[PDB]
Amino acid sequence: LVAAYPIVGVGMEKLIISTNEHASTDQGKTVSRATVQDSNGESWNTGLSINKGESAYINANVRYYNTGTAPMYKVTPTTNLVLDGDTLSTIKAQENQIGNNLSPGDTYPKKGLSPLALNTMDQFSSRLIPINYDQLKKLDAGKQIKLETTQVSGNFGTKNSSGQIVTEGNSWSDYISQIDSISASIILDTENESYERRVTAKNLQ
Amino acid sequence: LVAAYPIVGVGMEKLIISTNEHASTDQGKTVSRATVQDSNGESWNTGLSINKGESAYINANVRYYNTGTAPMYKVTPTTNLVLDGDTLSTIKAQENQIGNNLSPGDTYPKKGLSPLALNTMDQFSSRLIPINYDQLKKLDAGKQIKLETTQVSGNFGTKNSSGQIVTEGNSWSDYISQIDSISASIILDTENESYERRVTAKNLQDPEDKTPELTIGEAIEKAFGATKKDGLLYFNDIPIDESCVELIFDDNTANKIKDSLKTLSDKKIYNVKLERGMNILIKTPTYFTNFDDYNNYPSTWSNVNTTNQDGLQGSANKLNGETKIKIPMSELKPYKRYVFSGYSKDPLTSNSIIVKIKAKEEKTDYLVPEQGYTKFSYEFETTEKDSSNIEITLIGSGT
């Protein structure tokens, strides 16, 4: 009467920004002789430029954690970056930000480790995620961002007649809403942990 | 009852950085004639520039190694680069940084070789991994980085009816957590190697399952191939007793053993019933003092007496005197927190001179509880390459 239904959450650790700024320094020395007169000049050239359109790159620190009564193989979340009552981007994680295993009642990575990075928006890990100039002015003026869990995608394992189990095509998505139409969601919160369970019900209609 | 479960580790060797800097040098020569006047000028143009956004490329030197009881075909790790309480990037290795084979108890590449490079972040080997300017200033200001193992992906082989084996789709990931929910993690650490094993357990909560359970001493005898020699356990003629090694428990495991010990009748931590979720470290000692035999010591002690020198539980001399051994720091590794641990006796007063510099030169009296045998242990810090020695001295009146 209790169904396996793992809950995934994403936690924010730190945010790093970076500017795409352009500097230069030149020194020139000229001399001239003419017939009697001469000249000798020394010139400097400092240079600083910035071109909007990919003007501020960022990276975020995350860590995944489980809650519930199931493992979650090959997990992949998606995130939605807000800044100030708005949105900035929406990212499904690439191959490098995948999570292999997630035991119920555990975090990814393990507890004696450091968090995880994400910095690119393309499908293959290129083209670091940019922020335009007005959001940079909102950021340095005093406003801060947060993170947001939207959906995940993972797999379960099931044993065949051969004795071992397989994880291919056995998505967890197509048992989400079905469970969420038959069950009540009961959550417990203690002083250190939290637990989310789905308990089956009976339609009286 | 022991499951194939290979552990992969990534080791840092060297880090190389590189700057995306831009230089130029121009020379110009002009002449002019006018009607009578002339001119002739020679001009130089030095130029140096740097544009942030892909301003510092890097590359890292790694080597893979196995530990456990399984091969790992077509291994692929992922790495997570920290700099200073932060992160820089996370890389799953491309096709060029793959590892084909990894025998258990071995490294990739083989031992008579050089390490491996990684320099790009894209899926196809382009777009070398950049570091922006502030991290470069943190780096050249004095701060350094390290590496971090996060996950791996590999394959196992299984034979069909055709007689040969195949490695396709047989991932090791979907047998990770299942094993990690049925087993206790027991790790051994000797002076050169380390071994991580998973031993199956029995859930005492639900009784419909019939898993043949055992105790922790039998678990060590079954996990490694341990020869029961005369009651003791021996691994490659190395003694592993409850009194001859150093055990390490984490607080949940230590608390579970500590509550389950009082309902037990015997004061031995090899006879405790194994439980489900445990992390148990065992470590060998460097220098052992069985006064009968097997004493890897440069000099031998003073005021010795050979009456039932059997190790524990039979040490049978209670007299006066002194023991002393001096050992310089040249034989041992510097800058490491060494731990010195022994047992008790029935004297009335005894004190221990541990005179090692850069460390705890506090010397205390024994405070003997009774004639029963309990342990005692101190910690200290190793100095750097001194013939100025650590001189252990035990003065006793009653032993």
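So the sequences go chain by chain: A and B. Position in the first sequence counted from 1, then plus 34, gives you my numbering. Position in the second sequence counted from 1, then plus 22, gives you my numbering. C-beta atoms are modelled at their ideal positions from N, C-alpha and C, and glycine is treated no differently.
List the residues of chain A that residue i touches, going by C-beta distances under 7 Å, in chain order.
i      : result
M143/B : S159
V104/B : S148
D228/B : Ordered by position in chain A, no residue passes the 7 Å Cβ test against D228/B, which lies about 14 Å from the chain.
Cβ of residue i versus every heavy atom of the ligand ZN: is any distance shorter than 7 Å?
i     : result
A38/A : Absent from the structure shown: the ligand ZN. Ligands present: none.
Would you please state the rounded distance, in angstroms, between the beta carbons of residue i and residue j? I believe it to be under 8 Å.
i            : j      : result
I51/A        : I92/A  : 5 Å
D128/B       : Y87/B  : 7 Å
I262/B       : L255/B : 5 Å
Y39/A        : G102/A : 6 Å
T421/B       : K367/B : 4 Å
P137/B       : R85/B  : 5 Å
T110/A       : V186/A : 7 Å
residue 16/B : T47/B  : Look at the range of chain B in this structure, 23 to 421, and you will see that residue 16/B is not part of it.
Should residue i be flagged as near chain A, meaning a C-beta pair shorter than 8 Å?
i      : result
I412/B : no
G191/B : yes
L70/B  : yes
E43/B  : no
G179/B : no
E64/B  : yes
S175/B : yes
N67/B  : yes
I198/B : yes
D272/B : no
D368/B : no
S195/B : yes
For residue i, report the span of its beta strand (DSSP E) as first-last.
i      : result
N274/B : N274/B -> not in any beta strand (DSSP E); alpha helix (DSSP H) instead, spanning 273 to 285.
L296/B : Note, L296/B: premise wrong, no beta strand (DSSP E); not H, not E.
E243/B : Taken as a continuous stretch (DSSP letters only), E243/B belongs to no beta strand (DSSP E), being part of the alpha helix (DSSP H) at 238 to 245.
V84/B  : 78 to 89
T59/A  : 56 to 68
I125/A : 123 to 126
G63/B  : 59 to 73
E413/B : 412 to 419
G176/B : 171 to 177
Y217/B : 216 to 222
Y256/B : 254 to 256
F398/B : 398 to 403
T249/B : 249 to 251
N301/B : 301 to 305
Would you please verify whether the beta carbon of residue i is less than 8 Å from any beta carbon of chain B?
i             : result
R67/A         : yes
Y98/A         : no
residue 240/A : The displayed coordinates of chain A run from 35 to 239. Any statement about residue 240/A would go beyond what the structure contains.
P105/A        : yes
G176/A        : no
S58/A         : yes
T224/A        : no
residue 10/A  : Shown here, chain A extends from 35 to 239; a query on residue 10/A therefore has no answer.
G43/A         : no
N194/A        : no
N166/A        : no
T64/A         : yes
If you follow the alpha helix (DSSP H) that residue i is part of, which residue opens it and which one closes it?
i      : result
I201/B : 198 to 204
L161/B : 155 to 162
Can you list the residues of chain A that residue i reaches, using a CB-CB cut of under 8 Å?
i             : result
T89/B         : Those do not exist, as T89/B stays about 16 Å from chain A at its closest Cβ, beyond 8 Å.
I39/B         : Near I39/B there are no residues of chain A at all, since even the closest Cβ is about 17 Å away, more than 8 Å.
residue 422/B : One cannot answer for residue 422/B here, as it falls past the ends of chain B, which runs 23 to 421.
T172/B        : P143, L147, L150
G185/B        : Result: empty, since nearest Cβ-Cβ is about 17 Å, beyond 8 Å.
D60/B         : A68, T69
Identify whether residue i lies in helix, strand or coil by the three-state DSSP scheme.
i      : result
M34/B  : strand
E353/B : helix
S195/B : helix
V97/B  : strand
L136/A : coil
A139/B : strand
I375/B : strand
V361/B : strand
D259/B : coil
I41/A  : strand
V188/B : strand
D223/A : strand
Find the residues of chain B that neighbour residue i, judging by a C-beta separation of less than 8 Å, and give them in chain order.
i      : result
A151/A : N102, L103, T109, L110, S111, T112
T110/A : The contacting residues do not exist; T110/A stays about 13 Å from chain B at best.
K180/A : Those do not exist, as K180/A stays about 18 Å from chain B at its closest Cβ, beyond 8 Å.
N95/A  : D108, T109
Could you tell me which chain B residues have their CB closer than 7 Å to the CB of residue i, listed as they occur along the chain?
i      : result
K171/A : Correct list: empty, because the minimum Cβ distance to chain B is about 19 Å.
Which residues in chain A sit within 9 Å of residue i, going by Cβ to Cβ distance?
i     : result
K74/B : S52, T53, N54, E55, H56, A57
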